Undergrad: 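Have a look at this one before I ask anything.
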Amino acid sequence: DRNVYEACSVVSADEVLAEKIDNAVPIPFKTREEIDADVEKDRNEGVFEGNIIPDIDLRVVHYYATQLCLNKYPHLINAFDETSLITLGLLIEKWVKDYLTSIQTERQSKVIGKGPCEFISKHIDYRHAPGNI
Amino acid sequence: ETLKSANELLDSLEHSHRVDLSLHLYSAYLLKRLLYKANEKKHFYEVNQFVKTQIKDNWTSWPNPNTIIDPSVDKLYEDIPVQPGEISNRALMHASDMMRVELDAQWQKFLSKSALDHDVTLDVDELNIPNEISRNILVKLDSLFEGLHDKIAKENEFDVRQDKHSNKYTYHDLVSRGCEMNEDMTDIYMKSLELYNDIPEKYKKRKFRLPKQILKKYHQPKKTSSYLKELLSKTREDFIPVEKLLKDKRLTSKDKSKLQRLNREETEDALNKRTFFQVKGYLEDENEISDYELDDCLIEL
Amino acid sequence: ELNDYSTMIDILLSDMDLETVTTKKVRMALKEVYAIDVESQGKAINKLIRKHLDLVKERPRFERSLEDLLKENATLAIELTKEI
Amino acid sequence: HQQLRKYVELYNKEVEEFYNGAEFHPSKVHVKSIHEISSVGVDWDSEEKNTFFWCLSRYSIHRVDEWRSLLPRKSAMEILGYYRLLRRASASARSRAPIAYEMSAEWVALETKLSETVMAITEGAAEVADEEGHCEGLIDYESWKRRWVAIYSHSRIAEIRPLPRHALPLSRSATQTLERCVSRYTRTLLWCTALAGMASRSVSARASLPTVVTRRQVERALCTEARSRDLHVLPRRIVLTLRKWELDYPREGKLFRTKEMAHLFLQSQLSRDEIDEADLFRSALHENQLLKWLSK
Amino acid sequence: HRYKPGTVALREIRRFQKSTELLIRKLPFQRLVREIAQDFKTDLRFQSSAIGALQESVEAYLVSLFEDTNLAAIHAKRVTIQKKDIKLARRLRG
Amino acid sequence: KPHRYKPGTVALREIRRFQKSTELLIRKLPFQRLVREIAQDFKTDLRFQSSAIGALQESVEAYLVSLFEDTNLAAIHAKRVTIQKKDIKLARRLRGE
Amino acid sequence: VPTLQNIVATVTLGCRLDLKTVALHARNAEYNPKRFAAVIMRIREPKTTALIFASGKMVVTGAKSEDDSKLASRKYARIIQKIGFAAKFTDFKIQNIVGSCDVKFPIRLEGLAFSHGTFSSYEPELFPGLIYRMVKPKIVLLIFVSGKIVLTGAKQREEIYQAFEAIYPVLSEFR
Amino acid sequence: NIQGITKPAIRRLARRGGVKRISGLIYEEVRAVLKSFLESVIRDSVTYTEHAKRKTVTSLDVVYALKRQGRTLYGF
DNA sequence: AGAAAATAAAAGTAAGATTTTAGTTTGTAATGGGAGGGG
DNA sequence: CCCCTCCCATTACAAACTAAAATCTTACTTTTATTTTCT
């Protein structure tokens with residue numbers, strides 16, 4: 001193909017890229033489990049928290065950015081690369097988590113605590129009242 | 001027998017491996033970065049031509065008038081709040097609807113993880129992201145792109161006006177844009193360092209050396225008179241931008257190859273330092289001016 | 001300062017009907033007009049209202065219209081400027 | 001004859017209430033709270049409920065992103081969630097607003113006299129003017145004095161119409177703050193122009209690839225930057241100053257001395273109400289109780 | 001025992017109604033919105049929700065202005081705000 | 001103490017006079033040292049053209065002119081005889097910090 | 001040590017379900033009895049797919065964890081109940097947990113075919129990997145050429161970890 | 001028609017901002033601020049509508065119009 | 001206390017000298033198309 | 001088809017220049033604001 005978006009929409013994008021370079025060098029594929037395995041030492045030290053690779057569906061972000069730019073911002077055609085899309089997912093995840101974090105102490109930390117969970121809490125006793133669900 | 005179940009198990013793993021785009025975008029980044037590092041000290045011209053002509057920029061560049069790929073995720077679930085290739089407001093409204101689906105998944109994932117840590121059972125009828133909150137996040141995302149577009153449009157008008165009077169974005173830019181929107185990007189910057197700097201250092205560059213066959217394909221002409229020294233001596237301006245100097249036809253291929261290698265090394269250090277400070281913020285002096293407070297208003301006789 | 005607050009209570013009671021007067025209502029009016037903090041020495045403050053509320057049953061109820069208020073406000077304002 | 005001290009306490013108590021303004025029993029707030037055994041939800045303390053309702057009046061719920069710092073243990077979901085329940089409850093509740101009292105023209109005349117008298121006594125406690133600043137400092141105050149006598153003394157603003165010929169002196173503590181202010185803005189300016197182009201290297205022709213800042217890049221950064229960056233442009237400031245002070249100046253001649261800065265200005269520009277009668281009566285009574293209090 | 005959501009007291013509802021009530025009447029504000037649209041030679045039509053959104057953002061702006069206006073009066077050691085106080089706040093903000 | 005009871009006309013000469021580089025509020029040499037010191041924080045070989053420093057000076061001087069104008073307006077509002085620190089703090093407060 | 005991917009939970013609804021009506025009421029569930037006699041619907045956040053039978057038995061698929069499967073099962077039961085069929089959430093049972101890990105050491109699978117061929121089979125035509133069945137604990141595992149050992153058929157996390165620990169030394173050697 | 005915003009509306013709005021007493025001559029000045037701010041939001045709302053090629057102004061257009069001014073609005 | 005007169009400060013008017021800005025010329029480097037070769 | 005070196009025509013533009021507009025120096029008159037005398 002000519003894109004990684006079409007290649008990710010039996011042959012994977014890795015195979016397309018490998019034949020795009022005539023298999024000159026191995027394709028460096030890193031799964032989510034391996035990515036977290038190479039940052040566990042720094043994760044333990046607390047230098048950062050959460051996942052470094054976004055869990056949001058970047059295809060949905062790409063389609064929205066495509067429609068938004070092709071309708072209002074025609075100067076942004078082909079203006080981004082792979083790292084921009086990955087970072088965009090991390091930033092969008094940050095915006096959602098912003099609405100849930102609070103200053104909680106145990107020194108103080110800006111984390112998700114008691115509040116949001118209890119605000120929508122529901123105690124269920126399925127042994128005697130299975131109809132609550 | 002169990003082979004059909006095993007075959008279905010294998011197909012699901014392959015299907016999941018294909019669908020996710022983040023790891024494929026990352027693999028493209030790691031391939032280009034590892035190729036340059038293993039082949040920058042020698043054969044920089046070959047690897048630069050090899051990367052630029054085979055792993056083209058349009059492999060991951062976006063958005064395009066082409067590749068209008070509809071995920072169509074609003075027709076798959078119910079736990080949620082157009083002709084193909086169409087570009088219209090109906091498609092834009094359709095795109096926003098699936099964006100709210102993605103935000104809802106993040107909202108529910110965050111709460112569920114927190115509830116387990118704090119040992120709280122959640123009511124499944126209220127896990128939906130509030131409509132007012134999601135509408136605000138979409139406005140933020142829309143404002144992020146219009147800020148980038150506005151700068152380009154204003155810069156073009158500035159260049160046009162001066163001309164009449166006289167007569168690419170990476171994760172560094174996305175971090176900088178977030179700082180312009182008065183967001184705290186310290187956490188994302190730390191995560192970006194691990195993903196783009198710390199992880200690729202684990203790879204062994206010996207595995208990514210270009211083979212002899214590829215090296216012979218992209219040979220550059222040799223024994224050609226260099227013009228950079230003569231060009232620099234006769235120039236009028238004290239400093240010449242690299243981008244202007246790279247496109248000048250008075251420089252040989254070998255002259256540009258050495259400049260491109262130096263530019264790539266220096267830009268990466270400059271880009272790393274630039275986003276490091278932008279994340280830190282300009283208020284490092286800490287000589288804060290006190291605000292208008294209660295003490296400044298009271299009267300004593 | 002306790003005697004000073006007594007004058008404030010006397011002024012407030014002279015212009016409100018006594019049918020629905022409550023110790024909380026006068027205490028609220030003290031903060032609304034004179035911005036005095038009622039939370040501190042609240043128990044002492046409440047004693048003054050109750051003490052003053054017994055004394056206002058003697059005189060009768062006089063109601064003055066907007067015109068009477070306007071002309072007397074002008075008299076007080078211009079007079080107060082002269083002492084300054 | 002003690003209205004001066006009575007006014008001072010009235011002013012001081014009002015100022016404290018305006019600043020330290022932020023009753024309600026503690027309760028648990030849940031998304032299913034409906035109308036006016038254990039309770040479930042999130043704990044909303046009395047100081048939290050008081051802060052929430054005071055913040056709601058002073059700033060709309062739309063500015064919750066700012067004043068949510070006054071509720072450190074409450075996330076934006078909980079604050080916006082609480083607002084959602086109350087809106088549902090209020091619309092579903094059986095029906096049945098503080099006002100600002102309109103003061104007479106005679107009252108404000110008295111208050112202005114009282115305020116002016118107070119500033120006269122308190123003027124002795126103000127910090128005194130500095131001696132002199134020299135060339136070591138960034139700011140040259142001699143130029144400012146020359147500006148005021150030549151530009152700002154001609155202002156036609158009615159409320160400040162009698163204007164002093166010479167600019168007001170500055171205290172030593174004031175000058176230090178101004179010196180710190182320009183240093184803070186210089187960092188802001190450098191981080192918008194010099195740091196932005198940090199990644200664009202050049203070749204040292206008249207000898208590594210350095211980074212070079214040019215007037216072309218600085219003017220481009222000033223004009224094409226976001227207006228929230230509060231970056232100032234000198235030719236734009238001149239026209240704004242003349243409008244702000246309502247100065248009369250000729251319009252036929254050229255405002256700017258050079259074509260370059262005149263061009264820079266062009267680049268920046270293109271880049272029977274019964275409610276009323278009740279309020280009048282309450283205001284007249286409110287003024288009456290204040291005048292009687294002072295007349296004592 | 002019964003796990004029940006915490007009830008909102010009636011005094012909380014009244015305070016919320018006091019804080020978030022739209023003080024400007026809808027009909028006079030609607031007419032002003034229409035006049036501006038026709039004064040712009042604009043044929044666009046405003047939805048009722050759009051008019052409501054315009055109104056509820058106007059109150060937030062006006063309250064913020066009055067907060068700054070009070071600071072000007074405080075600076076002059078005054079307890080009432082005058083016309084000159086609003087003029088000073090407008091000049092400095094703009 | 002002296003007052004101008006008739007606001008005249010601001011002629012173009014003194015409007016143009018303070019647009020000169022020598023008439024700017026910000027001083028040449030101290031601003032250069034300040035710019036270099038701040039630029040020294042960026043650990044890179046960063047260089048300024050002579051005209052680039054001047055262009056930054058006009059922008060900085062524009063900010064100081066605006067700050068002085070608002071500080072004096074606040075001082076006139078309070079009928080001060082000497083501009084105080086809180087006059088600067090009020091102007092910044094009313095400017096959105 | 002290995003990371004699980006798929007979780008299938010067994011949840012029985014006390015009421016009797018009408019597949020035709022629930023499909024119409026559901027927004028995106030697709031039902032066609034000609035091929036399959038179950039209603040298919042998916043939820044976004046847990047990324048779980050549930051099979052809904054007319055008999056009331058429901059099996060979900062795609063949970064990343066046992067607890068997430070319970071949360072996903074609750075939402076699936078809640079959706080069915082919201083239709084109005086008075087379903088009940090009873091007898092939650094995890095029936096199979098699938099886990100896998102990557103040893104990062106390319107290992108040939110031909111040798112394991114004949115070194116221990118009694119309980120292990122390697123049909124290259126039928127499957128690209130090697131079928132390996134070890135007795136205790138009862139987890140079925142497959143050997144691949146790259147070394148992505150997958151495990152399936154366990155019950156909980158304690159058993160699935162011990163299965164990897166038993167086969168960890170085996171995968172390290174036999175290059 | 002700017003007179004539609006009556007005196008009691010301004011008096012109650014001033015109290016919300018912490019202002020306890022007003023001069024009584026500020027009503028005309030506040031109305032000028034009232035109209036001037038309303039001009040900007042309506043202008044940007046119409047401008048955002050043309051860029052979307054729509055024939056009406058909705059609450060979202062006003063929300064986007066206020067976002068360009070750095071002001072947030074919540075669509076409850 | 002207020003006005004009216006006196007005095008001094010300020011601004012306005014003018015011309016000639018001198019500085020600053022604006023227009024022109026001119027040299028040559030800068031810029032981009034193009035041919036030609038080579039794979 | 002895309003790479004390269006080389007050509008060459010045009011255009012950009014800084015440096016030098018000329019010129020015209022602005023402004024500074026000197027001197028003067030006239031309007032404006034401060035202070036003294038007077039009622």
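Atoms considered below: every heavy atom in the structure, side chains included; atoms not considered: hydrogens, waters and symmetry mates. By convention in this document, chain letters (A, B, ...) are assigned in the order of the sequence lines, proteins followed by strands, and residues within each chain are numbered from 1.
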Undergrad: Within the 4.0 Å heavy-atom criterion, would you say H3(F) contacts the bases, only the backbone, or no part of the nucleic acid?
TA: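 Here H3(F) touches the backbone only, sparing every base.
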
Undergrad: At less than 4.0 Å, is any side-chain N or O atom of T53(B) found next to OP1 or OP2 of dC3(J)? Yes or no.
TA: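 False: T53(B) side-chain N/O out of range (4.0 Å or more) of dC3(J) OP1/OP2.
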
Undergrad: For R250(B), answer base if it contacts any base atom (sugar-phosphate contacts may also be present), sugar-phosphate if it contacts only those atoms, and nothing otherwise; contact means non-hydrogen atoms under 4.0 Å.
TA: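 The answer is base, as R250(B) lies within the cut-off (heavy atoms under 4.0 Å) of a base atom.
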
Undergrad: How many Å lie between CD on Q260(B) and P on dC3(J), as a whole number?
TA: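 Checked: the CD to P distance equals 12 Å.
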
Undergrad: Answer with base, sugar-phosphate or nothing: what part of the nucleic acid does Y45(B) contact at a heavy-atom distance below 4.0 Å?
TA: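 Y45(B): backbone/sugar contact only, no base atoms under 4.0 Å.
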
Undergrad: Between P on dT31(I) and CG on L245(B), what's the gap in Å once rounded to a whole number?
TA: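 Between P of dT31(I) and CG of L245(B): 9 Å.
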
Undergrad: Side-chain N or O of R236(B) less than 4.0 angstrom from OP1 or OP2 on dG27(I)?
TA: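 The answer is no; no side-chain N or O of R236(B) sits under 4.0 Å from OP1 or OP2.
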
Undergrad: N167(B) side chain N/O closer than 4.0 Å to the phosphate oxygens (OP1, OP2) of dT11(J)?
TA: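 No, no such contact exists.
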
Undergrad: For a quick check of understanding: with a heavy-atom distance under 4.0 Å over all strands, which category does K52(B) fall into, base, sugar-phosphate or nothing?
TA: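 Sugar-phosphate, no base atom in range.
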
Undergrad: Is it true that a side-chain atom of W62(B) and a backbone atom of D81(A) form a donor plus acceptor pair closer than 3.5 Å?
TA: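 Yes: the side chain of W62(B) pairs with the backbone of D81(A).
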
Undergrad: Under 4.0 Å, counting only non-hydrogen atoms across every strand here, what does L231(B) touch: a base, just sugar-phosphate, or nothing?
TA: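 Answer is sugar-phosphate: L231(B) comes under 4.0 Å of backbone atoms only.
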
Undergrad: Any side-chain N or O of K254(D) below 4.0 angstrom from OP1/OP2 of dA22(I)?
TA: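 Yes.
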
Undergrad: Does a side chain donor of either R201(D) or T44(F) reach within less than 3.5 Å of an acceptor in the other side chain?
TA: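 The criterion, which ignores hydrogens and geometry beyond distance, is satisfied for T44(F) and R201(D).
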
Undergrad: In plain terms, say whether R216(D) and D159(B) are close enough for a salt bridge, that is, a side-chain N and a carboxylate O under 4.0 Å apart.
TA: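 Salt bridge between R216(D) and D159(B), a charged N being under 4.0 Å from a carboxylate O: yes.
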
Undergrad: Going by the sign of the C1'-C2'-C3'-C4' torsion, is the sugar of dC24(J) north or south?
TA: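 Sugar pucker of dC24(J) - south, given that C1'-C2'-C3'-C4' is below zero.
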
Undergrad: Does a side-chain N or O from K234(B) land closer than 4.0 Å to OP1 or OP2 of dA29(I), or not?
TA: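 Checking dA29(I) against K234(B), no side-chain N or O comes under 4.0 Å of OP1 or OP2.
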
Undergrad: Find the distance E260(D):CD to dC13(J):P and express it as a whole number of Å.
TA: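 So the two atoms are 14 Å apart, to the nearest Å.
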
Undergrad: Any side-chain N or O of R257(D) less than 4.0 Å from the OP1 or OP2 oxygen of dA21(J)?
TA: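 Answer no for this pair, as no side-chain N or O of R257(D) is under 4.0 Å from OP1 or OP2.
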
Undergrad: Across the strands shown, which category fits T235(B) at heavy-atom distances under 4.0 angstrom: base, sugar-phosphate, nothing?
TA: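 Contact class for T235(B): sugar-phosphate only.
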
Undergrad: Ignoring hydrogens and geometry, is there a side-chain-to-backbone donor-acceptor pair from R161(B) to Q267(D) under 3.5 Å?
TA: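 Such a contact is found between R161(B) side chain and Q267(D) backbone.
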
Undergrad: Answer yes when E14(F) and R146(D) have at least one side-chain N-carboxylate O distance shorter than 4.0 Å, and no when they do not.
TA: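 No.
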
Undergrad: Looking at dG33(I), does its base get a donor-acceptor pair with the side chain of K249(B) below 3.5 Å?
TA: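 Yes, the side chain and the base share a sub-3.5 Å donor-acceptor pair.
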
Undergrad: Could you check how far CZ of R16(F) sits from P of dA21(J), rounded to whole Å?
TA: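 Taking atom P of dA21(J) as the reference, CZ of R16(F) is at 12 Å.
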
Undergrad: If the cut-off is 4.0 Å, is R165(D) near the phosphate of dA11(I), judged by side-chain N/O to OP1 or OP2?
TA: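 So the side-chain polar atoms of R165(D) do come within 4.0 Å of the phosphate oxygens OP1 or OP2 of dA11(I), strictly under.
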
Undergrad: Send over the distance from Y218(B) OH to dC1(J) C1', rounded to a whole Å.
TA: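 So the OH-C1' distance, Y218(B) to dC1(J), works out to 13 Å.
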
Undergrad: Can you see if the side chain of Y5(F) gets near the phosphate of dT34(J) - specifically, an N or O under 4.0 Å from OP1 or OP2?
TA: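 Affirmative; the distance criterion is met.
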
Undergrad: Return yes if some donor-acceptor pair links the side-chain N/O of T81(C) with the main-chain N/O of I78(C) below 3.5 Å, else return no.
TA: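 Confirmed, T81(C) side chain pairs with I78(C) backbone.
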
Undergrad: Can you check whether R13(F) has a side-chain N or O nearer than 4.0 Å to OP1 or OP2 of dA22(J)?
TA: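 No.
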
